[PDB]
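K.L.:
Below are the structure tokens for one structure; questions will follow.
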Amino acid sequence: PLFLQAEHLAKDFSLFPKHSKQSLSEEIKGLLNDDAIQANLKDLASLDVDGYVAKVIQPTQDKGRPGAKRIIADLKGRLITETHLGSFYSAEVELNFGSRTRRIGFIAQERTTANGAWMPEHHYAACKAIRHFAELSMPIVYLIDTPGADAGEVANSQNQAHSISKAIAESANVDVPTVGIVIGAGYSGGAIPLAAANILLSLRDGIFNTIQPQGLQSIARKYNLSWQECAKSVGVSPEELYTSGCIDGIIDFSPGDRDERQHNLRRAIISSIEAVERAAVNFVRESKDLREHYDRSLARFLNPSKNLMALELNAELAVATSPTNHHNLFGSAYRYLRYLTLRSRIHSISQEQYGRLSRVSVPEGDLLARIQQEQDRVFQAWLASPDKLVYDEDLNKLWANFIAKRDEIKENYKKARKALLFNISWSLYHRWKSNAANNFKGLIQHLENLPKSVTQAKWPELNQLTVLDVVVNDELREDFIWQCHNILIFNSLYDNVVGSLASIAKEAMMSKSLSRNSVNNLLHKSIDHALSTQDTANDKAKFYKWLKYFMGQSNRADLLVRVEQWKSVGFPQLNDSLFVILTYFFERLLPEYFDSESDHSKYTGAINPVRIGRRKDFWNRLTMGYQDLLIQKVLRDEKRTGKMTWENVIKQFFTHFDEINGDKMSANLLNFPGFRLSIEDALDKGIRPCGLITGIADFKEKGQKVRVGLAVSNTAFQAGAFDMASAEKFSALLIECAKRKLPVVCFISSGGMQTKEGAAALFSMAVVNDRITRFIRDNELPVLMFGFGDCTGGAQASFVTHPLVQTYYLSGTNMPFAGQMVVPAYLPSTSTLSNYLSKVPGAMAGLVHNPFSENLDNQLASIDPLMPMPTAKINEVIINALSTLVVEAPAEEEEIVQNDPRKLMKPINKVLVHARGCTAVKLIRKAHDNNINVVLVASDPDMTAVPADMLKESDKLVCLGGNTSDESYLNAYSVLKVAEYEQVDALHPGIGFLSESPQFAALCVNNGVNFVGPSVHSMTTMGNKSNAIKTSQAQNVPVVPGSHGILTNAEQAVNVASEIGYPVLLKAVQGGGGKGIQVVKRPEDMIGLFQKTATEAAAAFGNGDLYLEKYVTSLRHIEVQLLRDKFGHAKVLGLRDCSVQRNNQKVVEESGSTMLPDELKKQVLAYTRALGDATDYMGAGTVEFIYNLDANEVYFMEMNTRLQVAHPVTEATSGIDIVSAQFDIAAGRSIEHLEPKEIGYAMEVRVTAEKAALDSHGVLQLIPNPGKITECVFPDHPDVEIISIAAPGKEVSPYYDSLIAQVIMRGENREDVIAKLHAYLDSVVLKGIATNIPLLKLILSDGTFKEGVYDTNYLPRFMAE
Ligand SMILES: Nc1ncnc2c1ncn2[C@@H]1O[C@H](COP(=O)(O)OP(=O)(O)O)[C@@H](O)[C@H]1O
Ligand SMILES: [Mg+2]
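Structure follows, in structure tokens:
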């Protein structure tokens, strides 16, 4: 069942991107190499935002750049057909493949018509062209270049979204190789039908993104950035798109090249089509289920059943329109491959996986203070570099008038003085825009607070004289404070009149004048509103004399037109007639009001629109614009009451809703500014950080239950903005519906695709649309799509309006192609509101009633009685949809089936061991002792290692290839393919490599392979450092004091560090092994050391996330061994002390701690049980504690969610075998029968192949000594255990660790264990290589170590002695 299989495989392939077989980037000949890509990443990192814009954004905007036809012509093939249709350009060219010539289809976005902006008929032409090439078995090269598909009134009237939803449906289901190549810009839903290819490439200077970079300006205004900053933060370069896995490589060609690089475009196409065809043949070799899918699709062409045959007639889709034009078996392979690549381009995580931010050192109401500080920061930056007064002739001529009239004999002085400051305050009001109110308050406060040595300061010479320098002088200072105070009241007056513009519009429609009382009372109310929302000392009478002075300036109309130009960005909801009457009120009716103050007969109030412009149909456009403002107001009242939520939508019709994967959420690997704060805020409110809620519900159809799928949009997160986690939840729901045979109902509301998830979010349009296309075409069950609230962007432009679904809308739904954030200017309710679109053909199967908004249909009939009304109910549509289906006999109910190892835990007689070295020798020895056959996997140096020699004829050895870890053990797909091939009973994930990764645990358990260790839930809870601390806090276990969540920035790190007291630690969340652990001594150091250690974490792991802990200088590293079964018996075996360590790596490890009180030992035993039971832990695990020697306290640090190398020390002293107990637990057995003891004492020395050598100051260090071992004797002794890979004639490899043996001594007491281990280390012989043993012998003959008085920093001090 290929529909179920493609989500399984694509989930597997997205768990480890680098070593997946979805990497076809090696195949294509003519791409740039990974070295040039790494070098280009270093340049783009070191450049600023302007250098990034020049490199990336400016060449795709270039009007001199070769078009789609010119690029296709310079492939130098033979053109067979062309179809130029506006900004669409389809073609068909024969290319030479060396063996012969071949027809290759083309569909391109042509930049030399409409800039590549596609219209509805261009999408319908792309639909047709994609079938036409499929019917003729022609491979297709898509060429992407667009500002996005048109969001205009004509597009949405022609049903733009419904043409794109079909175009994506054809592209996703085409039966020929599809290659995408970005030849310019790939923005939004116009780029995704073409970018939905098998292999998506880009030219060297191309771009691919969620929307055009100027559309990010709305999100830039909300968080106080520029749109250029938001564009770099999103990461839109071809190099960054290749790093995120959005594209499959960068072709070494730009459209203007005429050297060797012009030949790379045809070569990249030839090798791409050949690569997809070789890959698709390899998929038909290995997939026997691809035959079954093809035979099921063939059987529908043989016998077209009436319910799907009627859907194919109405939908017009790419089907077998002939037996000759019926697709081949490889045709279904291109659909399959295309889904796997689209679905591994999208990526999401879970709530347990996401690392929580620090609540510690965060002020109350912080958001407004941080935005105030950003507005002050940009204001202080203007105080540090203000503009010169020579730059504008209008301001320059007023300075000349001012200085001339200042020496002249007092009226002309006062006129020129006031006029200079006035035009400076309008100039800064044009400049500062949406933040102008805040920056004028800060300018007033600045001017009042200025030193007398700056207020009395005489002006610089004209060339160095700035607009700041002009107004800071005392003579211009306090009148400019007055200008700024009146401009604040004007900005409030203007914005209050804009929000009250409907009252003006009504009276203009019904009398053609705005009466004198209506302009008086609107002016009164707007000044009273301005001076009651602002406590400013400048009163109504002073502002009235300024308003007369302003209405006495000759450039007053020009000041209103300049203002209106930048205000049009913030108010894209008003039409031309509404902007004209707004301007006419300020320009003419306010002067006419003053002129008629002396004599009221001079007032007429008459709006003459011709004096602002000869706009046709002015009063009928004013009628439409007023009706649309009332529709906007009604939909804002509906948002503010908040009746259409996911809970309320469910309670109106459905009962016992069971959500599928409610924990799925945004990955956020671009880390967009303020978006992680929004994920935190959502989580603290209990809201899903995901644009969709999905589940299965009961619907009582005439008292009797019917089980249906239910997908309701989450208007509680980002107004229902659809996301990569929403796409995975939709695929999961359609899979549960395909398994159980459920009808699907959907309620969809969205602001569009989540732009703050990167360019990767776009692929969700094609992923979810393909799963709905395949769901109806393989499983027949009806999908309903009730568009509600605002239903816009890519959710609207794909799956909601898809031609096989029954599309519905609630009354009052806003349904355009894109929303207010992206739309440049006003769109009529005739082209946006679902009421007027109800009778427009193909827009919907019906407009239904909104069951929450009581009076809506009468409120809409009072706005326009000729508006089309709703007819059907949501209950009527659902009962008619359910009753016309065949009622198949329902199976007995199953739960939502998830990854559970406990089901897979069956008796083990053959096991895969994922390990090398001493860990593999230990696990191979335990496999013999438990009577289990080993399937061993190994690198080329390790095929002839001692763990391979320890195997029998009944045990297997398999070659992974290569020398290093990357070429062998870290390839998870090779290791899983061996587990599947040998049919292994379980897989032991070893130690090191992928042992502690919950992704590698999930990868095995997806494919039904038993993972020997904890559940994936237990691994993510105690593997995520913030959540491990939060679970410890919940179980009354003291943690190592710190931030407790993850730090945001250097200011956060300073404040949490100050509260703990310096010195302190900075640690990486994805760290471990002592990597990136920086000590910070001071606040002076912390500012530089945070930025530094964030770069260490980002370089080492690809995540700069730091979290802070208290630096304890005198400690013991105490760690406590847990065992636990599936039944819940937390058998805690005992502790170890691993304090003799060198660069965090443990060296001399012990079964007890000589400075730890028995009361604190009992506390860490109780805390291990509390954590083990409260996470539902399984297998072997080790919780780590800092035992502060100064404080006499024990603090939880972190947990090992796997087998620990120190384990044979506790095997001796507990009397319990840790690996045998873990193999019993992973066979499904209980460990209740075990009795943990405290048998004597034990100690381990890690014997490593290292030579002594001095550092730069002369202190002795140990460093690795590789080479062939000539002699190696470990004498047989009863109270020592030897795990070893050292023997005569074996080599110690430079590609791996110097660990050559673990020597674990046992004895009665600690002095006896030390003395026996000292004597045993002298009886042990090693030759050929050097070893660490000269140091180990001296620690065992130290007096301070023999007394047991030391700390974790003992060893580097002792090596210096
Ligand atoms: N402030 C500190 N207090 C205690 N240990 C610290 C501190 N800073 C670094 N460390 C080292 O890190 C240990 C904590 O576990 P860690 O070494 O990070 O584990 P791993 O690297 O094996 O995951 C401590 O025992 C100590 O050796
Ligand atoms: Mg450690």
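Sequence positions in the sequence shown follow the authors' numbering and run 18 to 426, 442 to 1393. The C-beta atom is built at its ideal place from N, Cα and C for all residues, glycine as well.
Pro83 and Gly133 look like a contact to me (Cβ under 8 Å); what is the Cβ gap, rounded to whole Å?
P.N.:
Position 66 of the sequence shown, counting from 1, holds the residue named residue 83. Position 116 of the sequence shown, counting from 1, holds the residue named residue 133. Not really, about 13 Å apart at Cβ, beyond 8 Å.
K.L.:
Might you give, ordered along the chain, the residues of its own chain that have their beta carbon closer than 7 Å to the beta carbon of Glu1243, omitting 5 neighbours on each side?
P.N.:
Mapped onto the sequence shown, residue 1243 falls at position 1211. Answer for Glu1243: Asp1249, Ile1250, listed in chain order.
K.L.:
With a floor of 3 residues, list each beta strand (DSSP E) that falls wholly inside the region 1200 to 1232, ordered by position along the chain.
P.N.:
Whole beta strand (DSSP E) segments, 3+ residues: 1211 to 1220, 1225 to 1232.
K.L.:
Is it right to say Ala421 is buried, meaning 16 or more other beta carbons lie within 10 angstroms of its own, or is it exposed?
P.N.:
Start at 1 with the first residue of the sequence shown, and residue 421 comes out as number 404. Classification of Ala421: exposed, given that the 10 Å Cβ count is below 16.
K.L.:
Look at the alpha carbon of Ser457 and the alpha carbon of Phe512, and state the distance between them as a whole number of angstroms.
P.N.:
Sequence index remark: in the sequence shown, residue 457 carries index 425 (1-based). Sequence index remark: in the sequence shown, residue 512 carries index 480 (1-based). Each residue's alpha carbon lies about 8 Å from the other.
K.L.:
Please state the DSSP three-state secondary structure of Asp162.
P.N.:
What you label residue 162 is simply residue 145 of the sequence shown in a count that begins at 1. The answer is strand: DSSP assigns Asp162 an E or B state.
K.L.:
By how many angstroms is the C-alpha of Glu1230 removed from the C-alpha of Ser40?
P.N.:
As a first step, residue 40 is located in the sequence shown; it is residue number 23 there, counting from the start. As a first step, residue 1230 is located in the sequence shown; it is residue number 1198 there, counting from the start. If you take the alpha carbons of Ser40 and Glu1230, they lie about 35 Å apart.
K.L.:
Where does the unbroken beta strand (DSSP E) through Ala202 begin, and where does it stop?
P.N.:
Looking up residue 202 in the sequence shown gives position 185. Per DSSP, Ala202 belongs to the beta strand (DSSP E) from 195 to 204.
K.L.:
Skipping 5 residues on each side, what residues in its chain have a beta carbon closer than 6 Å to that of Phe105?
P.N.:
Taking the first residue of the sequence shown as 1, we reach residue 105 at position 88. Around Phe105: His139, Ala142.
K.L.:
Kindly indicate which three-state DSSP category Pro1296 falls into: helix, strand or coil?
P.N.:
As a first step, residue 1296 must be located in the sequence shown, where it is residue number 1264. In the structure shown, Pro1296 sits in a strand (DSSP, three-state: E or B).
K.L.:
If you run the structure through DSSP and keep just helix, strand and coil, what is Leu1358?
P.N.:
For the purposes of this step, residue 1358 is identified with residue 1326 of the sequence shown, where counting begins at 1. Reduced to three states, the DSSP call for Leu1358 is strand.
K.L.:
Do the region 322 to 338 and the region 830 to 837 touch if we need at least three Cβ pairs shorter than 8 Å?
P.N.:
They touch, by the three-pair rule.
K.L.:
Within the continuous alpha helix (DSSP H) that includes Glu480, where are the two ends?
P.N.:
As a first step, residue 480 is located in the sequence shown; it is residue number 448 there, counting from the start. 468 to 481 is the span of the alpha helix (DSSP H), which, as asked, contains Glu480.
K.L.:
Note down the Cα distance separating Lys447 from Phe419, rounded to an integer number of angstroms.
P.N.:
Numbered from its first residue, the sequence shown carries residue 447 at position 415. Numbered from its first residue, the sequence shown carries residue 419 at position 402. In a straight line, the C-alpha of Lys447 is about 9 Å away from that of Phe419.
K.L.:
Given a threshold of 16 other Cβ atoms within 10 Å of its Cβ, counted over all protein chains shown, does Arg275 qualify as buried or as exposed?
P.N.:
Mapped onto the sequence shown, residue 275 falls at position 258. It is exposed - the Cβ of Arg275 has fewer than 16 other Cβ atoms within 10 Å.
K.L.:
Whole angstroms is fine: what's the gap from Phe603's alpha carbon to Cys778's?
P.N.:
Counting from one through the sequence shown, the residue named residue 603 turns up at place 571. Counting from one through the sequence shown, the residue named residue 778 turns up at place 746. Each residue's alpha carbon lies about 32 Å from the other.
K.L.:
List the DSSP bridge partners of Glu1313.
P.N.:
Translated into positions along the sequence shown, residue 1313 becomes position 1281. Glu1313 pairs with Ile1336.
K.L.:
Can you check whether the CB of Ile268 is closer than 8 Å to the CB of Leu330?
P.N.:
Residue mapping note: residue 330 aligns to position 313 of the sequence shown, counting from 1. Residue mapping note: residue 268 aligns to position 251 of the sequence shown, counting from 1. In this structure, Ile268 does not lie closer than 8 Å to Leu330 by Cβ.
K.L.:
Which residues in the same chain as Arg278 place their Cβ atom closer than 7 Å to its Cβ, once the five residues preceding and following it in sequence are excluded?
P.N.:
Indexing the sequence shown from 1 puts residue 278 at position 261. Result list for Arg278: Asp269, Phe270, in chain order.
K.L.:
Return helix, strand or coil for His101, following the three-state DSSP convention.
P.N.:
Position 84 of the sequence shown holds residue 101. Three-state result, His101: strand.
K.L.:
Just to check my reading of the structure: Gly47 and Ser339 have Cβ atoms closer than 8 Å, yes? What is that Cβ distance to the nearest angstrom?
P.N.:
Indexing the sequence shown from 1 puts residue 47 at position 30. Indexing the sequence shown from 1 puts residue 339 at position 322. Going by Cβ atoms, the distance from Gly47 to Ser339 rounds to 37 Å, so no, they are not a contact pair.
K.L.:
Quick one: residues in its chain with C-beta nearer than 6 Å to the C-beta of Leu1197, no 5 flanking neighbours on either side, listed in chain order?
P.N.:
For the purposes of this step, residue 1197 is identified with residue 1165 of the sequence shown, where counting begins at 1. Correct list, in chain order: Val1164.
K.L.:
Taking the straight line between their C-alpha atoms, what separation do you get for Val612 and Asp649?
P.N.:
Here residue 612 is taken as the residue at index 580 of the sequence shown, counted from 1. Here residue 649 is taken as the residue at index 617 of the sequence shown, counted from 1. Taking the straight line from one Cα to the other gives about 13 Å.
K.L.:
If we ignore side chains and look at the alpha-carbon of each, how far apart do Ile121 and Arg352 end up?
P.N.:
To locate residue 121, count along the sequence shown from 1; it is residue 104. To locate residue 352, count along the sequence shown from 1; it is residue 335. Distance between the alpha carbons of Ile121 and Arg352 is about 18 Å.
K.L.:
Looking at ligand 3, does it come within less than 7 Å of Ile1218, judged from the CB to the closest heavy atom?
P.N.:
As far as ligands go, the structure on display features ligand 1 and ligand 2 and does not contain ligand 3.
K.L.:
Give a single yes or no on whether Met1054 has its beta carbon closer than 7 Å to a heavy atom of ligand 1.
P.N.:
As a first step, residue 1054 is located in the sequence shown; it is residue number 1022 there, counting from the start. For ligand 1, not one heavy atom lies less than 7 Å from the Cβ of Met1054.
K.L.:
Where does the unbroken alpha helix (DSSP H) through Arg128 begin, and where does it stop?
P.N.:
Here residue 128 refers to the residue found at position 111 of the sequence shown. Taken as a continuous stretch (DSSP letters only), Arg128 belongs to no alpha helix (DSSP H), as it is neither H nor E.
K.L.:
By Cβ distance below 8 Å, which residues in the same chain neighbour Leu307 in space, the five residues on each side in sequence not counted?
P.N.:
The residue given as residue 307 occupies position 290 in the sequence shown. Counting only Cβ-Cβ distances below 8 Å, and skipping sequence neighbours, we find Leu19, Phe300, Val301, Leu346, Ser349, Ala350, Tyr353.
K.L.:
Helix, strand or coil: how does DSSP classify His25 here?
P.N.:
Start at 1 with the first residue of the sequence shown, and residue 25 comes out as number 8. It is helical.
K.L.:
Under a Cβ-count criterion, where at least 16 other Cβ atoms within 10 Å of its own Cβ denotes burial, should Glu624 be classed as buried or exposed?
P.N.:
If you number the sequence shown from 1, residue 624 lands on position 592. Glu624 comes out buried.
K.L.:
Just to confirm, does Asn1176 get its C-beta within under 7 Å of one of the non-hydrogen atoms of ligand 2?
P.N.:
For the purposes of this step, residue 1176 is identified with residue 1144 of the sequence shown, where counting begins at 1. Yes.
K.L.:
Starting from the C-beta of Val70, find all residues in its chain whose C-beta is less than 7 Å away, skip the five residues before and the five after it, and write them out in chain order.
P.N.:
In the sequence shown, residue 70 corresponds to position 53, counting from 1. Excluding residues within five positions, the ones whose Cβ falls inside 7 Å are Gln245.
K.L.:
Please list the terminal residues of the continuous alpha helix (DSSP H) segment that includes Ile185.
P.N.:
As a first step, residue 185 is located in the sequence shown; it is residue number 168 there, counting from the start. Its alpha helix (DSSP H) spans residues 177 to 189.
K.L.:
For the beta strand (DSSP E) containing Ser1171, name the first residue and the last one.
P.N.:
In the sequence shown, residue 1171 corresponds to position 1139, counting from 1. Looking at the DSSP string, the run of the beta strand (DSSP E) that includes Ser1171 is 1163 to 1174.
K.L.:
Beta-carbon separation of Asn226 and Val253 under 8 Å?
P.N.:
The residue you call residue 226 lines up with position 209 of the sequence shown. The residue you call residue 253 lines up with position 236 of the sequence shown. Yes. Within cutoff.
K.L.:
Can you give me the start and stop residues for the alpha helix (DSSP H) that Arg1389 sits inside?
P.N.:
As a working mapping, residue 1389 is identified with position 1357 in the sequence shown. Unbroken alpha helix (DSSP H) run through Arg1389: 1386 to 1391.
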